[PDB]
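To start, the structure itself, in C-alpha cells.
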There are 2 protein chains.
Amino acid sequence: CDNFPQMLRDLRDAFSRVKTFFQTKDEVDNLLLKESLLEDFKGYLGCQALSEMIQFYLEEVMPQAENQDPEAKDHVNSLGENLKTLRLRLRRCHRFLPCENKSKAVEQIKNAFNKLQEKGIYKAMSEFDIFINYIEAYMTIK
Amino acid sequence: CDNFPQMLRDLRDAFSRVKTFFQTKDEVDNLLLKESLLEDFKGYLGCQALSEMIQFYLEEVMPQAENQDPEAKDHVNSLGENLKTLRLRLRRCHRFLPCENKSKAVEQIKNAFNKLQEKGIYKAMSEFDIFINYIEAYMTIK
C-alpha cells in the first residue's frame with residue numbers, strides 16, 4: 001500500500017530512542033533473529049511468520065523488557081504502540097497481512113446458523129455437497 | 001497436489017451415505033451456504049475462509065447433528081473423519097492450506113528466547129532493527 005519507508009519511519013524513530021537501553025550495537029555475537037526468519041518471510045508461510053513475530057514482541061518480549069528495565073518503560077511502550085499501529089495498517093493492505101483477516105461470508109453463515117437453531121443444523125448438513133463443490137472450485141482456482 | 005477428484009471422492013462417498021437423513025434434495029429454498037462464500041474462497045481471504053468453514057463443520061455442525069439425529073451418528077462421524085483426513089492432506093499441500101501451517105523459524109526463535117531467559121529479552125530488543133529490516137524486505141517482496 002505504498003511508500004513506507006513512510007510507515008516504517010515512525011517505528012525506526014521509536015526504536016532509535018530505546019536502542020541505547022538494550023545494547024547500542026546489538027546482540028552481535030550469535031543472532032537471535034537469524035536469516036531463517038527472513039526465508040520464511042520470503043516463503044509461502046510469509047504472513048503467518050510475520051503475524052506470529054509481531055505477536056511475539058507485543059505480548060512476550062516488550063512487557064518483559066518493561067519489567068527488567070523500568071527506566072526504559074515509557075520508551076518501550078511507545079515502540080509497542082507504533083508496532084500495534086503498523087499491524088493495523090498492514091491488515092488494511094490486502095497484500096501485507098491477509099492472514100490476520102476473517103471472512104465476512106463465513107461470519108454471516110455462522111450468524112444465520114445460530115439464529116436458525118435446529119433447522120440450522122439440518123440445512124448445513126443438507127448442503128454439505130455444495131460445500132464440497134466449493135472446495136473443488138477453490139482447489140481448482142489455486 | 002493433484003487429481004482429487006481423487007481425495008474428494010471418499011468425502012463425496014461419505015456424504016452420499018448420510019444425505020438421506022438430512023434432506024435428500026437439500027435446504028432448497030433459501031441457501032445457508034450462498035455464493036458469497038465462494039467469492040471469499042476465490043479471493044485473497046481464501047485459505048482463512050476454507051479453514052474457518054472446515055472448523056465450523058467439525059466443531060459446531062457435526063456434533064450437533066449427531067445429537068439431533070442419533071440414528072445418523074456413525075454416518076456423520078465417518079463424514080467428519082474423512083473431512084479431518086482431507087484437511088490434513090490440504091495442509092501438506094503448500095498451495096491449499098498454507099494458512100494452517102506455522103513457521104519453524106519463529107518456533108526456534110521462541111525456543112531460544114525462552115532458554116536464554118533475561119539475556120533473551122535483551123537480545124530480542126537489541127535486534128529490533130534487524131526485525132524492522134526483515135519487515136521492509138517482506139513488504140518489498142510482496
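Letters A, B, ... mark the chains of the C-alpha cells in the order given; residue numbers begin at 1 per chain; ligand numbers begin at 1, in order shown.
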
Chain B in the frame of chain A after Cα least-squares fit, as an mmCIF file with C-alpha atoms, in the first residue's frame:
```cif
data_model
loop_
_atom_site.group_PDB
_atom_site.id
_atom_site.type_symbol
_atom_site.label_atom_id
_atom_site.label_comp_id
_atom_site.auth_asym_id
_atom_site.auth_seq_id
_atom_site.Cartn_x
_atom_site.Cartn_y
_atom_site.Cartn_z
ATOM 1 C CA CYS B 1 0.000 0.000 0.000
ATOM 2 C CA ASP B 2 2.866 2.353 -0.660
ATOM 3 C CA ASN B 3 5.931 4.229 0.343
ATOM 4 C CA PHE B 4 6.705 3.013 3.871
ATOM 5 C CA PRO B 5 9.567 3.820 4.152
ATOM 6 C CA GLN B 6 6.682 6.075 5.038
ATOM 7 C CA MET B 7 5.037 3.933 7.731
ATOM 8 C CA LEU B 8 8.211 2.254 8.780
ATOM 9 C CA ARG B 9 9.898 5.578 9.757
ATOM 10 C CA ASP B 10 7.989 6.195 12.991
ATOM 11 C CA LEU B 11 8.804 2.694 14.024
ATOM 12 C CA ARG B 12 12.523 3.245 13.293
ATOM 13 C CA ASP B 13 12.308 6.539 15.119
ATOM 14 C CA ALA B 14 10.755 4.898 18.168
ATOM 15 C CA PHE B 15 13.472 2.182 18.122
ATOM 16 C CA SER B 16 16.266 4.815 17.965
ATOM 17 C CA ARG B 17 15.047 6.300 21.299
ATOM 18 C CA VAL B 18 15.110 2.871 23.013
ATOM 19 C CA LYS B 19 18.259 1.335 21.357
ATOM 20 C CA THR B 20 20.638 2.814 23.917
ATOM 21 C CA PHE B 21 18.990 0.945 26.819
ATOM 22 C CA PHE B 22 19.294 -2.544 25.311
ATOM 23 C CA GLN B 23 22.719 -2.793 23.741
ATOM 24 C CA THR B 24 23.632 0.009 21.332
ATOM 25 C CA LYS B 25 25.412 -2.196 18.854
ATOM 26 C CA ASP B 26 23.027 -5.193 19.184
ATOM 27 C CA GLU B 27 23.482 -8.836 20.384
ATOM 28 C CA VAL B 28 26.320 -9.013 17.766
ATOM 29 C CA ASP B 29 27.869 -12.418 18.547
ATOM 30 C CA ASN B 30 25.222 -15.174 17.787
ATOM 31 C CA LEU B 31 21.993 -13.588 16.456
ATOM 32 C CA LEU B 32 18.522 -14.490 17.840
ATOM 33 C CA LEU B 33 16.669 -13.333 14.709
ATOM 34 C CA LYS B 34 18.664 -15.201 12.065
ATOM 35 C CA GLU B 35 18.199 -15.332 8.258
ATOM 36 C CA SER B 36 15.993 -18.406 8.710
ATOM 37 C CA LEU B 37 13.274 -15.933 9.684
ATOM 38 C CA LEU B 38 13.828 -13.959 6.514
ATOM 39 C CA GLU B 39 13.490 -17.124 4.417
ATOM 40 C CA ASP B 40 10.076 -17.971 5.973
ATOM 41 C CA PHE B 41 9.087 -14.248 5.469
ATOM 42 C CA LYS B 42 10.011 -14.738 1.859
ATOM 43 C CA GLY B 43 8.245 -18.124 1.520
ATOM 44 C CA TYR B 44 4.614 -19.296 1.321
ATOM 45 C CA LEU B 45 4.419 -19.156 5.136
ATOM 46 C CA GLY B 46 5.186 -15.406 4.981
ATOM 47 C CA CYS B 47 2.171 -13.782 6.580
ATOM 48 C CA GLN B 48 1.911 -16.312 9.366
ATOM 49 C CA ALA B 49 5.607 -15.845 10.215
ATOM 50 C CA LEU B 50 5.216 -12.036 10.346
ATOM 51 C CA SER B 51 1.949 -12.098 12.309
ATOM 52 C CA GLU B 52 3.489 -14.588 14.702
ATOM 53 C CA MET B 53 6.614 -12.416 15.185
ATOM 54 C CA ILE B 54 4.521 -9.258 15.736
ATOM 55 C CA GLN B 55 2.544 -11.071 18.374
ATOM 56 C CA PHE B 56 5.751 -12.401 19.975
ATOM 57 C CA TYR B 57 7.131 -8.853 20.549
ATOM 58 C CA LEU B 58 3.888 -7.271 21.738
ATOM 59 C CA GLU B 59 2.912 -9.985 24.171
ATOM 60 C CA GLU B 60 6.164 -11.799 25.242
ATOM 61 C CA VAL B 61 9.198 -9.530 24.697
ATOM 62 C CA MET B 62 8.043 -5.927 25.362
ATOM 63 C CA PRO B 63 6.173 -6.337 28.638
ATOM 64 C CA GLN B 64 9.068 -8.466 29.838
ATOM 65 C CA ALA B 65 11.511 -5.753 28.682
ATOM 66 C CA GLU B 66 9.459 -3.187 30.519
ATOM 67 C CA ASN B 67 9.956 -5.237 33.644
ATOM 68 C CA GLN B 68 13.711 -5.829 33.509
ATOM 69 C CA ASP B 69 14.334 -2.201 32.787
ATOM 70 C CA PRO B 70 11.822 0.140 34.401
ATOM 71 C CA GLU B 71 13.770 3.245 33.205
ATOM 72 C CA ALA B 72 13.009 2.178 29.593
ATOM 73 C CA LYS B 73 9.246 1.513 30.220
ATOM 74 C CA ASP B 74 7.789 4.616 28.501
ATOM 75 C CA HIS B 75 10.229 4.166 25.589
ATOM 76 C CA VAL B 76 9.394 0.518 25.087
ATOM 77 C CA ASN B 77 5.616 1.231 25.462
ATOM 78 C CA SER B 78 5.714 3.802 22.691
ATOM 79 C CA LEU B 79 7.675 1.374 20.499
ATOM 80 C CA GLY B 80 4.933 -1.231 21.144
ATOM 81 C CA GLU B 81 2.211 1.369 20.247
ATOM 82 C CA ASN B 82 3.909 2.122 16.939
ATOM 83 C CA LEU B 83 4.160 -1.589 16.235
ATOM 84 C CA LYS B 84 0.432 -2.042 17.224
ATOM 85 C CA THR B 85 -0.271 0.806 14.919
ATOM 86 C CA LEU B 86 1.761 -0.686 11.941
ATOM 87 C CA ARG B 87 -0.006 -4.056 12.263
ATOM 88 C CA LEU B 88 -3.386 -2.314 11.950
ATOM 89 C CA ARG B 89 -2.354 -0.648 8.622
ATOM 90 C CA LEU B 90 -0.781 -3.892 7.329
ATOM 91 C CA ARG B 91 -4.075 -5.646 7.904
ATOM 92 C CA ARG B 92 -5.831 -2.983 5.799
ATOM 93 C CA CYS B 93 -3.365 -3.835 2.964
ATOM 94 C CA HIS B 94 -4.764 -6.921 1.295
ATOM 95 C CA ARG B 95 -1.269 -7.642 0.155
ATOM 96 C CA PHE B 96 0.521 -7.478 3.544
ATOM 97 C CA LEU B 97 -1.378 -9.257 6.320
ATOM 98 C CA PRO B 98 -4.370 -11.014 4.644
ATOM 99 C CA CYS B 99 -3.861 -13.845 7.099
ATOM 100 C CA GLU B 100 -4.985 -11.688 10.017
ATOM 101 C CA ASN B 101 -8.344 -11.013 8.400
ATOM 102 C CA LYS B 102 -11.584 -13.018 8.722
ATOM 103 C CA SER B 103 -14.181 -13.972 6.096
ATOM 104 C CA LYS B 104 -17.362 -11.888 6.337
ATOM 105 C CA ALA B 105 -19.211 -14.566 4.322
ATOM 106 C CA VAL B 106 -18.327 -17.177 6.995
ATOM 107 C CA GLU B 107 -19.357 -14.786 9.800
ATOM 108 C CA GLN B 108 -22.819 -14.352 8.275
ATOM 109 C CA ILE B 109 -23.239 -18.073 7.620
ATOM 110 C CA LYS B 110 -22.323 -18.650 11.303
ATOM 111 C CA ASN B 111 -24.771 -15.966 12.379
ATOM 112 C CA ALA B 112 -27.669 -17.398 10.384
ATOM 113 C CA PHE B 113 -26.780 -20.924 11.528
ATOM 114 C CA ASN B 114 -27.066 -19.720 15.162
ATOM 115 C CA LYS B 115 -30.456 -17.957 14.542
ATOM 116 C CA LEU B 116 -31.980 -20.860 12.795
ATOM 117 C CA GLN B 117 -31.229 -23.282 15.644
ATOM 118 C CA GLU B 118 -32.284 -26.875 14.806
ATOM 119 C CA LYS B 119 -33.138 -26.034 11.268
ATOM 120 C CA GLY B 120 -29.602 -24.514 11.169
ATOM 121 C CA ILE B 121 -28.104 -27.896 11.684
ATOM 122 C CA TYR B 122 -30.335 -29.601 9.131
ATOM 123 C CA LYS B 123 -29.531 -27.023 6.451
ATOM 124 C CA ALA B 124 -25.698 -27.034 6.979
ATOM 125 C CA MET B 125 -25.867 -30.847 6.740
ATOM 126 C CA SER B 126 -28.161 -30.997 3.680
ATOM 127 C CA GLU B 127 -25.988 -28.522 1.869
ATOM 128 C CA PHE B 128 -22.690 -30.362 2.534
ATOM 129 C CA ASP B 129 -22.408 -31.245 -1.229
ATOM 130 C CA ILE B 130 -22.484 -27.544 -2.089
ATOM 131 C CA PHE B 131 -19.523 -27.111 0.398
ATOM 132 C CA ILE B 132 -17.708 -29.955 -1.341
ATOM 133 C CA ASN B 133 -18.226 -28.315 -4.736
ATOM 134 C CA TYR B 134 -16.886 -25.022 -3.380
ATOM 135 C CA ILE B 135 -13.795 -26.865 -2.023
ATOM 136 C CA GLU B 136 -13.245 -28.378 -5.518
ATOM 137 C CA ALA B 137 -13.633 -24.922 -7.079
ATOM 138 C CA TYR B 138 -11.133 -23.460 -4.549
ATOM 139 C CA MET B 139 -8.516 -26.157 -5.210
ATOM 140 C CA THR B 140 -9.070 -25.698 -8.951
ATOM 141 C CA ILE B 141 -8.560 -21.888 -8.815
ATOM 142 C CA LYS B 142 -5.296 -22.220 -6.703
#
```

Requested in this report: Run DSSP on the backbone and grab whatever in chain B lands in helix (DSSP H, G or I); send it over as number ranges by chain.
Outcome: B: 6-19, 35-42, 46-68, 70-92, 98-100, 104-115, 117-126, 128-140
